[PDB]
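What follows is a short report on a single structure.
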Amino acid sequence: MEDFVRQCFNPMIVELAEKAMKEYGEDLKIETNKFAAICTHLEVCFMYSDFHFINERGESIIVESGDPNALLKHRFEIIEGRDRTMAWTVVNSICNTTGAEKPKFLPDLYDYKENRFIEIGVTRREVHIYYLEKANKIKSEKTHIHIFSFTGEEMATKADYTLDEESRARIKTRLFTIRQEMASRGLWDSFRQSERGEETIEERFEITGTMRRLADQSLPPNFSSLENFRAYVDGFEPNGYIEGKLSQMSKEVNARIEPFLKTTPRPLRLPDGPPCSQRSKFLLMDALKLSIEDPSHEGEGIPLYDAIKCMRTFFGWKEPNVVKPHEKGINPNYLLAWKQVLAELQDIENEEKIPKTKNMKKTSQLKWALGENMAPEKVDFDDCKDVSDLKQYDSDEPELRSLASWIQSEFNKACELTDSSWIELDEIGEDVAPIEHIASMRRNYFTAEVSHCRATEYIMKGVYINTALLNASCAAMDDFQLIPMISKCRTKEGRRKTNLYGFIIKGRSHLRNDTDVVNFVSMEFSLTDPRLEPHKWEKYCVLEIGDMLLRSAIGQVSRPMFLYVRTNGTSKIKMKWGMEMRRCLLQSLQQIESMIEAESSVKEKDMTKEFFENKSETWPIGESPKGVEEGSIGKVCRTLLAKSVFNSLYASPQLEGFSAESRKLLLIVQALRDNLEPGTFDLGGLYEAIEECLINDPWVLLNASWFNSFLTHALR
Amino acid sequence: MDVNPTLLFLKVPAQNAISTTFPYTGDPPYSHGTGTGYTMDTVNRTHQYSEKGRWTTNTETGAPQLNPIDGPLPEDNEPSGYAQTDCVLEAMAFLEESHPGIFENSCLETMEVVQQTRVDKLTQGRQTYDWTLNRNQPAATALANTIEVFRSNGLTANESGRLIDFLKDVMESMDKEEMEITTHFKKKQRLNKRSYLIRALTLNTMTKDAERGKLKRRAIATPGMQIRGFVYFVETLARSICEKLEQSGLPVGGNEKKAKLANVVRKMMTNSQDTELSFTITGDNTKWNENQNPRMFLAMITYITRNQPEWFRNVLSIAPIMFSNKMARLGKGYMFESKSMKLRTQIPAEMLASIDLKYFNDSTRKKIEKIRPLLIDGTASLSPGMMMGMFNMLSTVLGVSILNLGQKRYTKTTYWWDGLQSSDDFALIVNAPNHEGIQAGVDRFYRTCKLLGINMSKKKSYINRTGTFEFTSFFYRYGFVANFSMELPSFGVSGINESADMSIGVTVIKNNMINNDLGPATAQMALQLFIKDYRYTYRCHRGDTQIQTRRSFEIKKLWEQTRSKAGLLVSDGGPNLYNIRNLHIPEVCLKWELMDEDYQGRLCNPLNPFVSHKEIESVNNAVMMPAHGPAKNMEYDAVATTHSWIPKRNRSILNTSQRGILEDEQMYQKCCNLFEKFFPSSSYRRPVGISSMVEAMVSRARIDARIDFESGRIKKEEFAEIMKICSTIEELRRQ
Amino acid sequence: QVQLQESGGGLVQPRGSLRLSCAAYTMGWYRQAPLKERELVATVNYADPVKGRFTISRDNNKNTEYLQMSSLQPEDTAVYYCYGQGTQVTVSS
Amino acid sequence: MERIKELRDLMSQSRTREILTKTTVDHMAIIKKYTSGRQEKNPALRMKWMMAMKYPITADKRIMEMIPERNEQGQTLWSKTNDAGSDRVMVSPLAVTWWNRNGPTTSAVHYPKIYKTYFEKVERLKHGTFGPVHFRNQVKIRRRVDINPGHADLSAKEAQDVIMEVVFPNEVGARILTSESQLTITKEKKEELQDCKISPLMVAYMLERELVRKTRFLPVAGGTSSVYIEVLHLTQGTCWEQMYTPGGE
RNA sequence: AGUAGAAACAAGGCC
RNA sequence: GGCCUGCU
């Protein structure tokens with residue numbers, strides 16, 4: 001039958017009908033009479049629509065061939081011959097522009113004169129039944145319907161026929177051409193009734209070929225095919241198989257509970273080796289401040305001018321000389337770098353306006369100090385294979401180092417009060433609710449407690465230094481840059497003040513990965529002699545740069561004044577995390593506020609004021625040789641803030657591992673102290689897990705010592 | 001006196017101050033170089049936990065595979081992957097018996113979803129291993145490349161737009177003699214059957230960074246695109262199953278987890294009378310993923326899909342069949358340094374099979390020596406067990422089956438147990454009349470776990486009396502206690518854009534106040550610090566200050582120009598009006614009545630060249646990877662302002678041989694923008710159909726010109742011009 | 001008497017030999040190295062570090078297991094137990 | 001006119017012609033998401049790192065013809081170098097602030113009508129009345145509650161057709177909404193937003209947010225009302241309760 | 001040298 | 001010496 005559509009109809013219509021065939025997903029080889037019937041429907045749609053044009057009037061202009069002009073409007077514009085999505089697109093667009101009613105089924109054409117749709121259907125059966133059939137299929141329709149049938153008859157409601165009658169003679173001539181051409185073909189044994197509305201399909205997902213063999217190799221050891229295994233599974237029913245293997249399984253497979261008593265836990269062993277060194281990016285306990293007493297705010301001002309003005313406030317400069325060498329570098333380079341920094345600072349002082357940011361010369365001194373041109377050149381393996389020295393990067397456990405007493409004192413003095421306010425908080429919306437007033441009062445109390453704390457000063461120092469370093473690295477990637485360490489505080493009298501700890505020289509910072517390292521050299525003034533705790537300054541070079549006179553009742557001290565100079569490095573991640581050190585304030589004060597709220601849930605009243613003023617209640621916050629010492633809530637605030645600050649400063653994988661594996665043991669010990677009969681399956685394994693995190697970090701070793709002390713004081 | 005914060009625990013219980021034990025204020029550990037060492041170590045460890053299995057050689061991939069299932073029962077407490085098929089089938093049968101109709105229903109909804117799912121659902125995924133280029137690429141890019149290759153090779157069933165048809169094409173590709181791929185350096210290369218099989222069965226290994234809570238780094242894996250559809254269907258089934266199990270806690274959030282934990286502890290302890298003792302085990306499973314054999318997941322799913330259409334069973338079984346034969350790419354490689362000659366070199370991992378061992382240290386030398394027998398075409402066969410939690414939900418199903426297997430109806434003894442399982446972590450409440458009963462119950466639970474290939478970490482687990490325990494960093498002490506140290510890293514600028522960062526910060530403060538019991542004063546301090554960091558990050562200072570920045574001049578002139586300066590946004594250098602009462606209001610709407618009409622109009626102008634919206638999914642959704650958890654998405658309330666710009670892209674593609682991808686990106690985006698202008702609903706609802714672009718665009722041009730004349734700007738001259746231009750593009754597409 | 005009583009330990013130069021006895032089913036000799044765990048040495058089967066160096070034996074009439082240690086090394090420096112008090116073995120120069 | 005003209009210009013060049021011809025409508029989404037840009041793992045780090053560069057943001061090409069290349073002192077506002085995989089050009093953040101002080105102005109009176117949810121929140125809070133804070137232990141119990149206070153009793157899909165018919169009336173397709181509540185919602189949001197020119201996508205997104213019901217599990221103590229849950233952070237705490245009555249009541 | 005820690009940075013590539 | 005890139 002398909003030979004007929006090969007022969008007669010034009011290409012355009014046959015591929016339109018083929019795409020309509022693909023539309024609903026049925027195959028053309030099984031039933032083709034539908035293809036012919038709907039392609040004839042589509043053909044009558046065209047032949048009825050084309051050759052029919054309109055101009056600004058009604059009364060369509062009919063031309064056998066559209067002449068070249070702007071007057072190519074089509075009388076009837078076709079609906080079908082398009083995908084369902086576009087057919088409904090045209091339906092909705094016509095409804096929204098023509099203000100007509102939206103039909104629920106697919107029309108075939110639209111006309112302007114009568115401003116409505118045409119649903120053309122030419123069926124094998126006579127018209128006077130198919131018409132009202134499709135009419136009762138369509139609900140309350142104003143779209144006019146018109147149908148032909150092979151006998152040659154026409155019909156329509158309203159007795160309406162919308163265009164010329166010679167066109168309809170055309171239609172029925174086409175119709176009988178179709179008819180008495182099948183006459184030569186002979187199809188009416190099924191042509192009248194060949195489609196009955198079949199819609200059914202079964203989804204087929206068959207495993208075959210290579211993928212089947214893979215299925216045959218992904219079974220238990222004693223199975224040969226997926227078919228057999230699935231049959232076995234379907235036939236499988238529970239018949240007490242877990243019990244049999246449990247009985248047969250060796251009894252050494254057990255989870256015996258070892259009781260956890262007061263005498264069970266042993267102190268954590270600390271590693272032994274050379275004392276632990278300093279790792280901070282700046283001096284914390286041994287910092288010195290040169291000040292100007294200016295009225296500018298933290299960010300307000302220009303760095304270089306402030307630094308120069310602060311440094312001019314000090315008199316007593318001496319020619320620098322080596323006091324304590326780096327022990328691994330070239331100290332003369334550090335000396336020359338310091339003198340170069342001074343010289344270029346003067347050079348800025350001379351000229352017209354202090355630059356906002358200064359670049360330094362790339363001398364051999366800072367070329368060595370900043371580690372320039374030291375990365376091995378990257379080459380290909382095929383060119384370097386016979387080199388005996390060629391091997392992997394050194395990948396082994398870090399060097400072992402024992403704890404020293406300097407970190408303990410540094411933390412002790414990091415929780416001490418100061419003679420300045422190191423936090424100038426921002427603005428918030430004016431409090432409107434009583435709860436907001438309570439929150440503001442609490443916040444004011446904590447700010448009064450923690451602002452005068454060395455932890456806040458360290459927070460500001462780190463934030464400013466890391467912000468400046470990151471910005472300089474991102475801006476001046478190539479050229480070495482000078483950045484004075486600046487921090488602005490407010491005195492007890494209320495006068496604002498600036499403080500200059502020293503200088504940082506940032507080097508080449510072409511940082512691609514988050515782990516890539518930018519090297520800088522840090523110089524900081526101090527008065528602490530490095531000849532008393534040399535092991536804490538393994539990586540520092542310390543010079544003697546001047547003498548300071550601070551008013552004291554013992555005449556006047558006239559102390560020496562040294563310069564701690566070192567080469568340090570950071571990374572994008574480290575800079576970003578060090579510039580978010582202000583969340584240590586959060587951590588600490590959230591803990592304290594949780595304490596206050598928990599206690600106030602007992603007594604139905606806010607308990608902040610008496611906690612902060614009466615200072616009757618105290619918490620164990622340290623141990624003295626006499627015994628455990630307790631301090632007021634403010635001291636707890638400062639201690640927790642210092643702990644968070646040191647966590648942010650000495651952060652490392654060792655800290656995370658020890659924190660987790662020691663929190664586990666802390667929970668076990670707490671369960672013991674709560675009389676909850678705690679038990680363990682392998683306590684030695686937990687101890688070994690904790691002890692492997694303690695390698696060389698001073699902070700984690702101090703935490704381990706604190707944990708041992710807590711165990712000793714606990715378990716009683 | 002020496003200060004010691006830990007001594008604070010002598011007065012404050014450990015859980016009431018547990019936040020102090022979370023050093024989440026410093027930089028988390030990161031990996032620096034290759035992850036090849038970790039990948040090799042994981043492969044060797046997975047293969048040696050199942051050493052007593054039986055060896056075979058796949059006839060298709062030619063790789064050695066180790067099957068430990070039904071192997072000898074363990075005789076020691078060391079990790080073992082010798083799961084027994086009959087035991088696990090019985091466990092699943094008991095799970096079904098205790099929850100009748102679970103499998104049949106879940107299979108019904110899964111069948112509905114599979115037969116109505118679309119291909120585009122695969123684009124909604126993070127990095128995936130594209131085999132066309134042998135590298136990780138965004139899910140959409142890899143899917144597009146694979147579809148292009150399939151269409152070039154003759155597999156065009158995916159044009160039906162159905163994921164099931166895409167999987168049919170994927171499987172049909174397995175039986176092809178020779179496929180063709182494209183490489184740029207374009208060159209057409211031919212892949213034989215075995216090479217393509219291994220490229221479709223392989224995984225890409227990387228090192229996990231920003232992982233807090235352990236000293237050593239780990240390795241993670243990413244699968245290809247051929248196997249992700251089957252994984253999607255299997256995980257859909259597993260999620261539908263677990264949603265019907267109250268003992269599971271994987272498909273829920275954190276608060277639901279806490280609620281279920283409280284309910285189970287109350288149920289276990291309350292029902293226990295005075296005679297019965299109760300004990301809670303806070304258990305962690307050692308080597309959870311390395312001991313879960315994909316064959317056992319195949320067994321579980323084929324038991325689940327019993328009495329179901331065979332096509333459903335086949336499509337759900339394809340995934341574990343491929344995992345059982347999965348291969349893993351070793352990784353980036355190894356970098357060597359020579360200090361004598363002062364140079365460095367980078368050898369790819371694919372050379373580990375043949376490269377001499379003189380360059381490697383003792384540990385790496387032994388690892389390579391042990392893993393070499395499993396090396397096939399630069400990748401190692403990893404049949405014995407899963408790599409990194411790809412089947413999280415099925416593992417949770419197995420754990421829930423174990424938990425339910427002790428409902429006192431199967432124990433047949435006075436002791437019994439229950440609890441909650443979330444993959445790699447569990448809380449087990451066991452009750453028994455005497456300590457001997459508790460010991461026997463825990464021993465039998467451990468033994469049954471060892472029969473299913475699941476191991477309990479004795480070093481990271483402990484048992485106490487009920488009332489105090491831990492679960493996924495949630496510490497329960499007669500009621501869950503807030504931590505607030507897990508969410509600390511999320512208190513900074515997110516890094517999306519100005520308006521997005523502001524809204525996300527305020528919303529995070531609000532949420533942590535609601536859930537994590539953040540205090541009022543602490544919340545105010547957090548708001549102040551966040552505002553300070555926000556102003557210092559975006560160079561948007563109050564405007565009345567003299568802080569010179571790269572943006573302080575325009576901000577200051579805008580400040581001096583504005584009359585009601587209280588309406589200026591913090592992004593434009595205005596005062597901050599936020600407070601505890603205003604944390605749930607966008608900044609634009611909070612300052613709407615205070616803005617000057619000129620500034621208000623300039624700010625919220627639709628014609629601004631900065632705002633760009635791509636799809637309904639990416640309107641106000643921000644992907645923030647939370648600390649100590651999987652990547653998560655958040656809805657943030659924000660008004661589309663001129664500050665909603667999107668930041669610069671990487672721009673490093675220009676120096677790579679894969680430079681033509683940018684031209685293809687530009688052309689695809691131009692075509693997509695044209696289509697959207699032709700089809701405005703393209704973004705909100707993704708268009709569907711089987712036609713091609715130009716057909717729809719030209720035909721809609723026809724119709725829209727028509728109707729927009731029937732009322733609108735068009736004129737006959739223009740309408741006819743459009744009609745004949747449509748004809749022109751038609752004849753152009755002809756040729 | 002007690003339940004278990006190990007004896008015959010002491011200080012020995014590397015390469016030297018020693019015989020441990022214990023006064024107490033299948034029995035085993037275990038050792039606990041300083042800082043390390045209690046590990047199985049032999050039973051009456059030998060651990061791989063032991064191999065062909067130590068020889069476990071038992072007198073079933075006298076209720077006692079014996080461990081003959083030959084070609085001793087500084088890794089065998091540990092307290093040896095049977096299954111008590113234990114017996115310290117120290118290998119040193 | 002224009003649209004078909006850039007269509008013809010695209011089809012003029014062979015590569016785009018092939019892309020338009022061989023690519024089917026269904027693959028629309030795929031190729032639209034086809035990109036070499038990886039999703040950032042650490043957005044904060046790079047946002048703090050990119051903002052230190054010059055020209056850190058991106059904007060459409062049209063910015064080159066509305067904003068001058070430099071400001072009064074000569075600080076550059078935009079660059080002509082396009083982004084990696086787009087025709088957009090990289091520009092400095094000042095071009096934002098500049099647009100807010102001398103850029104074109106419009107009538108933003110209809111934004112309150114569009115962003116109905118946020119302005120309703122503001123109005124509800126502005127007329128709220130606070131009360132005394134009572135300090136007592138709060139038994140926070142976890143419950144499933146609806147957060148959206150303006151949901152019109154419609155699901156996502158249920159209101160998606162309404163949203164399309166309100167914004168994209170022609171792409172609705174087969175669906176013609178039956179429920180009369182949807183009829184009235186369509187009428188109201190059609191006549192209200194008849195000429196709003198913000199964007200079809202944002203209008204659809206905000207209509208989805210407003211009409212679609214959404215639910216989440218939260219620890220609550222009292223309240224349980226939709227209006228009382230949006231301020232759950234302000235009314236309920238660990239040991240304090242703040243009586244509050246939104247402006248709606 | 002320095003940062004850092006089971007492998008890396010201490011710029012890369014292209015002419 | 002000149003120019004390109006900074007998660008590809």
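Residue numbers (the authors' numbering), protein chains in the order written: chain A, 1 to 716; chain B, 1 to 185, 207 to 756; chain F, 1 to 24, 32 to 51, 58 to 96, 111 to 120; chain C, 1 to 249.
For each residue, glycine too, the CB sits at the ideal point set by N, CA and C.
- Message: On the CB-based measure, 16 or more other CB atoms within 10 Å of its CB, does A:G502 come out buried or exposed?
- Response: buried
- If we cut at 8 Å on Cβ distances, does C:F119 have a partner in chain B? By this cut-off, C:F119 is an interface position.
- Report, in whole angstroms, the separation of the C-beta atoms of C:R142 and C:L218, which I expect to be a contact under 8 Å. 7 Å
- Query: From B:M321 to B:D593, what distance separates their C-alpha atoms?
  - Reply: 59 Å
- If A:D529 and A:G316 are in contact, beta carbons under 8 Å, what's the gap, nearest whole angstrom? So it is not a contact: roughly 17 Å between Cβ atoms.
- Item | Cutoff 8 Å; reference A:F53; Cβ partners in own chain excluding five residues on either side | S60, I61, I62, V63, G66, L71, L72, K73, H74 and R75
- Please report the residue range of the beta strand (DSSP E) in which B:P369 lies. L364 to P369
- Three or more beta-carbon pairs under 8 Å between the stretch 65-78 of chain C and the stretch 527-535 of chain B, yes or no? no
- Query: Skipping 5 residues on each side, what residues in its chain have a beta carbon closer than 8 Å to that of A:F562?
  - Reply: So the list reads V323, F525, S526, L527, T528, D529, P530, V542, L543, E544 and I545, once near-sequence residues are dropped.
- Task: List the whole-angstrom C-beta distance separating B:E60 from B:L218, where the pair is believed to meet the contact cut-off of C-beta under 8 Å.
- Result: 6 Å
- Rounded to the nearest angstrom, how far is the Cβ of B:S345 from that of A:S218, given a contact under 8 Å? 4 Å
- Query: Between A:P434 and chain C, is there a C-beta pair that is closer than 8 Å?
  - Reply: yes
- Task: Please name the residue or residues paired with C:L218 in a DSSP beta bridge.
- Result: Bridge pairing for C:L218: C:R143 [DSSP].
- Message: Excluding the 5 residues flanking A:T567 on each side, which residues of the same chain have their C-beta closer than 6 Å to its C-beta?
- Response: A369 and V521
- Task: Output the distance between the C-alpha atoms of B:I682 and C:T23, rounded to the nearest integer angstrom.
- Result: 17 Å
- Query: Quick one: what's got a C-beta closer than 8 Å to C:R88's C-beta in the same chain, skipping five residues either side?
  - Reply: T58, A59, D60, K61 and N82
- DSSP on C:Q73, reduced to helix/strand/coil? If DSSP states are grouped into helix, strand and coil, C:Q73 belongs with coil.
- Using a beta-carbon distance cut-off of less than 7 Å, what residues from the stretch 229-246 of chain B approach chain A? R233, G234, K235 and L236
- Task: Confirm, please, whether the CB-CB distance from A:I120 to A:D111 is below 8 Å.
- Result: no
- Terminal residues of the continuous alpha helix (DSSP H) containing C:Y118? For C:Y118, the enclosing alpha helix (DSSP H) covers residues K116 to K126.
- What first and last residue would you give for the beta strand (DSSP E) that runs through A:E166? Looking at the DSSP string, A:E166 is not in any beta strand (DSSP E); the run it does join, the alpha helix (DSSP H), is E165 to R185.
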